[PDB]
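Student: Protein chains in written order, with our numbering: chain V, 833 to 870; chain A, 137 to 226; chain R, 31 to 452; chain L, 4 to 91; chain G, 377 to 425; chain E, 729 to 1048.
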Amino acid sequence: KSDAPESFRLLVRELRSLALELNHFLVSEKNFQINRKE
Amino acid sequence: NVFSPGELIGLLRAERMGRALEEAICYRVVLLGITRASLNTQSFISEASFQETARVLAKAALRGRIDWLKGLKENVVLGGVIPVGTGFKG
Amino acid sequence: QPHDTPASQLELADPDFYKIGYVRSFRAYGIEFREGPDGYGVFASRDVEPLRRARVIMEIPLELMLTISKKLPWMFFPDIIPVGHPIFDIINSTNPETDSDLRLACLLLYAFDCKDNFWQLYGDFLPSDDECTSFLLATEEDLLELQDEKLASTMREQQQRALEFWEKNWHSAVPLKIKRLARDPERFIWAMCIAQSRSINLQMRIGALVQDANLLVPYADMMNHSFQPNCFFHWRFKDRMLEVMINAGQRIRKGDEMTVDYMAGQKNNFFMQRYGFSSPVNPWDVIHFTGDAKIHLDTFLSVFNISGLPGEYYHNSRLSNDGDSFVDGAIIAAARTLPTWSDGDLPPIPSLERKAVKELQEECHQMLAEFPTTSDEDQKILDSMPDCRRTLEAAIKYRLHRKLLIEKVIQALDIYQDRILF
Amino acid sequence: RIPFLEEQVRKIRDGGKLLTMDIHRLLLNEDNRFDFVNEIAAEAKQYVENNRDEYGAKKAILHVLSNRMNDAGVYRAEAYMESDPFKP
Amino acid sequence: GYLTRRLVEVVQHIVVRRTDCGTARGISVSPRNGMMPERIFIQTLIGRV
Amino acid sequence: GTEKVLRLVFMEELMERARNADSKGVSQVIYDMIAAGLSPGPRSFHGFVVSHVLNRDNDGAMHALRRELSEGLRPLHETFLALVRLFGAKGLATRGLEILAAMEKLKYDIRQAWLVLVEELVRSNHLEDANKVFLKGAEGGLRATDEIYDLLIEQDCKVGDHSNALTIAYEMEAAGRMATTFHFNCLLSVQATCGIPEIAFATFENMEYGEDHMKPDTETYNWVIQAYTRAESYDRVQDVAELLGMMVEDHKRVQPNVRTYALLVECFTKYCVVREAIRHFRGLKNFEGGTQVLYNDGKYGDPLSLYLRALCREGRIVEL
């Protein structure tokens, strides 16, 4: 129905157009590191 | 320094803090509503941004809330696999 | 010409044995029940190639078997004892830890006196008081003939306890509901013998309750015993049916004897105490040595191709099969019971092991002469009586198996002492 | 033993009602009905990754179910495919 | 329609996750005090642990 | 007849010379016995291999193995076991897999040899290669003993490796043995130093709402309190109170220790809550050496100094 997913990119763009930041920040449970997904 | 005069805390958390802390903590049971209880949740993406969509985002961006995707509609709006049924691992 | 199979020596059982169960929700896939002189047995009628998963051969529903829980609240999941019946006062007035066969015997006696019950029709196939191999239905002569003082004392104590329980519960002032269950004191002894020689302990789950109970399941007690089993019991909670499933990977041909494991990892004495059965190839029977001579363990396992961890010893055939046909459960039990020493990777000295093997052999000879009889005399006595009591047969077979185990240990020590120097 | 019962048996074998029974029979040994689906999907993926065109008769899921039913003592067709010999 | 839309949005995160929370408390259901008729007392207990 | 009679004296002195770690004597005895017409056997070459094994000689052991294999005779299990042990003690992990493959091609069993290899690699201060060998052997269907399962997890959590510990725990639970409190406790130790209290609270929820054998203990509560106290993200002052409310379980033997009181004093002082800090400091004082544990080497803000300054500022000097 829609066609990182396309809906998430659309939402983050629409929200950052109003000075609002979003991040996914998938945390790995093995090595304990934070990976931002864009 | 633990709690503010105006707060909505869980019942079990309040009882355990009363059994733990000796400082005077006074709480009265509040009967929430269908709409009011949904506006106070641990997530702001879906369960909070459905009715107002204006202040639920403002206060969240002001506090810098970190939302853990432990719900259904949160992952629906995100686009990933819903942790229900075949998606629920473990 | 007929195919020579271990199952061909016996004849087909009565079709009513399966007809009384097929009218219920009982099924038997690829199996054929065959009766012989020793008793019934379960054989295979179809070649089962090595499978990736288990295959079910029996489906026994819950409403066809008895069940008593192991914990303090006694819950009988097949509800056959109505509330108010005075048999629950006999079942409840028992120690919840030491005597569990008494409650099963009482439940069986009550099921024998209840209409539309499966055990009123299945009781015709259970062994009588003359074809049972249990030692509760034995005499003082056979118990003294066992040549084992501790086992005889335990069996006499158990018989006394059974008689005392029957005398204390079945007195004169008892109502007729209980008196008609076991009128004679031999009926209760036979019930205890059946409940002790055919009970199965399994953790069963019904609805939302997961408990462990003692259950007498029909059509599954016919499975013989083997220390290298081919099947195991599995509980299916979706339909409340017990399953007997072949192991995954084992190849079963036509005419093979389907067997399961009774009391896996127990001594050959408890087998004779409970089931009245003795096997000479038991890989767990213990031989006690008082001498201080210590043989080497790793060399002893390498010479006999016994590869594996001390918990699981197996003979590796692909190392040597034809060369090592001696390797059975007896040599495994010997390697488990022999006093062994191992200090790192230090190589053994031939003189020390050659001096220890003779000490072990003379100890075996001095412990074998303690018995009043010999091996050949018992071997001639066992077949000198064509049709004797089952208890005497079990006792003479127990003595013969003990002597054969001692002889096998001696021969294995000889092979080790003569093959360590290639 | 009802004499006039072969027609509905042939109808069951032809229309494809055997799979509805096989699924319900296989769901009698598993606790969760989701782990079973995940296991079947993983097995089908592993079987289709080895040979693409040789996934079975027609599909892989039906092939996996037929293999699981044939290892329990129930003869089933290859991927539940039985053509009609009476088609001109 | 609106009532269902609200009721669904009230409870969504409630998903069965554990097998036994470990509680030792239970509600007491009595016919003499709680359920005057028998049908309600039957319907309350069906499917309860 | 006399063949065994002479083989007895051929092997006795050979083993006697191999006992005191002498390789030249075993070599000359082998030469003498092969000059006498009798072909050497595996029992004889076992002594020649163990002579080099006892003298930490790897090249000589490999040469002896090649010598034994050249004559078309498969070596025994004890020789291969000694070779694997020697290669594991020296840290040469890559030279043990080839020996395991040689045992596999000879229709042997490579379970006990693999266990000895991983144990000797762990005991020789070689953890990464030990975990690699263990993961390589576990994928092939080879299960391990409970003692190795515990030792690997304990060592990987003491070093600080969480990935290999979690992988070994998953493999353990897949093999059949479920995790106990000890395992979870090790994993929580490594987790409580990450900086995110949620990864530790998830493990605590898995332990608390689980079976009986995996119920938490004082150490688990201490680790979760440490994870929620030393965070650097948000308030985390109500979570500690809720967890201390959960810690009120008298019948489960959940009693506090010195570290529990120390962590509670630190957390309640760092959040300007002194009337409970003094209450817990009294209990910390009832134990011997509690002030040393409270002053955690001055690594994290010096909680003792912060407590003294909090008592000094508010003027509660009787407590001071």
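Idealized CB from N, CA, C, for every residue including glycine.
1) Note the first and the last residue of the continuous beta strand (DSSP E) segment covering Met88(R).
2) Step through the CB atoms of chain G and report whether any lies within less than 8 Å of the CB of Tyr949(E).
3) Does the distance from the C-beta atom of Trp265(R) to that of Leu232(R) stay below 8 Å?
4) Quick check on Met906(E): buried or exposed, where buried means 16 or more other Cβ atoms within 10 Å of its Cβ?
5) Is the CB of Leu147(A) under 8 Å away from at least one CB in chain C?
6) Less than 8 Å separating the beta-carbons of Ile362(R) and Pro313(R)?
7) Would you list the one or two residues that DSSP bridges to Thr370(R)?
8) Return the first residue and the last residue of the beta strand (DSSP E) that residue 473(R) is part of.
9) For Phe857(V), go through chain E and note every residue whose CB falls closer than 9 Å to its CB, in chain order.
10) Distance check for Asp109(R) and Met302(R), CA to CA, integer angstroms please.
11) Along chain E, in chain order, which residues have C-beta atoms closer than 9 Å to that of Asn346(R)?
12) What do you reckon, are the CB atoms on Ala278(R) and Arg82(R) nearer than 8 Å?
13) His890(E): which of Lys862(V), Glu870(V) and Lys869(V) sits nearest, CA to CA?
14) List the residues of chain R that residue 97(L) touches, going by C-beta distances under 9 Å, in chain order.
15) Below 8 Å on the Cβ atoms is my contact criterion, and I expect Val220(A) with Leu208(A) to pass it. Report the Cβ-Cβ distance as a whole number of Å.
16) Does the beta-carbon distance from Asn950(E) to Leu915(E) come in below 8 Å?
17) Whole angstroms are fine: how far does the CA of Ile418(G) sit from the CA of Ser404(G)?
18) Please tell me whether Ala969(E) and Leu168(A) are closer than 8 Å, where the distance is taken between their beta carbons.
19) Could you please give the first and the last residue of the uninterrupted beta strand (DSSP E) stretch that includes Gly71(R)?
20) Using the three-state DSSP reduction, which class does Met906(E) fall into: helix, strand or coil?
21) Within 10 angstroms of the Cβ of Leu850(V), are there 16 or more other Cβ atoms? Answer buried if so, exposed if not.
22) Less than 8 Å between CB atoms is the rule here; does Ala150(A) satisfy it with respect to chain V?
23) How would you list, in chain order, the residues of chain A whose beta-carbon sits under 7 Å from the beta-carbon of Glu970(E)?
24) Does the separation of the CB atoms of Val844(E) and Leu793(E) fall below 8 Å?
25) For the putative contact between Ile325(R) and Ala386(R), defined by C-beta atoms under 8 Å, what is the C-beta separation to the nearest angstrom?
26) Considering only their Cβ atoms, is the gap separating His805(E) from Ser229(R) smaller than 8 Å?
27) Taking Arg394(G) as the query, report the chain A residues whose CB atoms sit under 9 Å from its CB, ordered along the chain.
28) Determine, using beta-carbon pairs with one atom in the stretch 993–1004 of chain E and one in the stretch 150–164 of chain A, whether at least three such pairs fall under 8 Å.
29) Report yes if the C-beta distance between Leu1048(E) and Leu1034(E) is below 8 Å; otherwise report no.
30) Could you work out which residue in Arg420(R), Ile426(R) and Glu393(R) is closest to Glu407(R) when comparing CA atoms only?
31) Quick check on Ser332(R) - is its C-beta less than 8 Å from some C-beta in chain E?
32) Flag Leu443(R) as yes if its beta-carbon sits less than 8 Å from any beta-carbon of chain E, otherwise no.
33) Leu208(A) by DSSP, collapsed to three states: which one?
34) Take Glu936(E) as the anchor and find which of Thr380(G), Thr395(G) and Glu385(G) has the nearest alpha-carbon.
35) What does DSSP give as the partner residue(s) for residue 690(E) in the beta ladder?
36) Applying the 10 Å Cβ sphere with the 16-neighbour rule, what's the burial state of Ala182(R)?
Tutor: On the basis of the data shown:
1) Its beta strand (DSSP E) spans residues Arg85 to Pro91.
2) No, its Cβ sits nowhere closer than 8 Å to a Cβ of chain G.
3) Taking 8 Å as the Cβ cut-off, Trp265(R) and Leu232(R) qualify as a contacting pair.
4) It is exposed - the Cβ of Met906(E) has fewer than 16 other Cβ atoms within 10 Å.
5) Here the protein chains are V, A, R, L, G and E, and chain C is not one of them.
6) Yes. Within cutoff.
7) Looking at the DSSP assignment, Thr370(R) forms a beta bridge with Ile325(R).
8) As displayed, chain R neither begins before 31 nor continues past 452, which places residue 473(R) out of reach and without an answer.
9) Under the 9 Å cutoff, chain E gives no residues; its nearest Cβ is about 11 Å from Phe857(V).
10) Taking the straight line from one Cα to the other gives about 33 Å.
11) Within chain E, the residues near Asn346(R) are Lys835, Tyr836 and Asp837.
12) Yes, they are a contact pair.
13) Among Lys862(V), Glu870(V) and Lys869(V), the Cα nearest to that of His890(E) belongs to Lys862(V).
14) Any property of residue 97(L) remains undetermined from this structure, which presents chain L solely from 4 to 91.
15) Between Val220(A) and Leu208(A) a beta carbon distance of about 6 Å is seen, short of the 8 Å cut, so the two are scored as contacting.
16) Cβ atoms of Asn950(E) and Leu915(E): not closer than 8 Å.
17) Looking at the two C-alpha atoms, the distance is approximately 14 Å.
18) One thing to note: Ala969(E) has its Cβ no nearer than 8 Å to the Cβ of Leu168(A).
19) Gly71(R) -> beta strand (DSSP E) spans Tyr70 to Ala74.
20) Three-state result, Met906(E): coil.
21) An exposed status is given to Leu850(V), since fewer than 16 other beta-carbon atoms sit within 10 Å of its beta-carbon.
22) False, the Cβ-Cβ gap to chain V never drops below 8 Å.
23) Identification of chain A residues near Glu970(E) by a Cβ-Cβ cut-off of 7 Å yields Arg149, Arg152 and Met153, ordered along the chain.
24) Taking a C-beta distance under 8 Å as the contact criterion, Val844(E) and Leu793(E) do not qualify as a contact pair.
25) That belief holds up - the Cβ atoms of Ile325(R) and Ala386(R) are roughly 5 Å apart, short of 8 Å.
26) With contacts defined as CB atoms closer than 8 Å, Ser229(R) and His805(E) fail to qualify as a contacting pair.
27) Within chain A, no residue comes near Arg394(G); the closest Cβ sits about 10 Å away, beyond 9 Å.
28) Short answer: they touch.
29) Their beta carbons are not under 8 Å apart, which means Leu1048(E) does not touch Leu1034(E) by this criterion.
30) Cα-wise, what sits closest to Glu407(R) is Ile426(R).
31) Yes, contact with chain E.
32) Using a Cβ-Cβ cut-off of 8 Å, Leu443(R) does not count as an interface residue toward chain E, since no Cβ of chain E sits closer than that to its own.
33) Coil at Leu208(A), not helix or strand.
34) It is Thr395(G).
35) With chain E covering only 729 through 1048, there is no way to say anything about residue 690(E).
36) It is buried - the Cβ of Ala182(R) has at least 16 other Cβ atoms within 10 Å.
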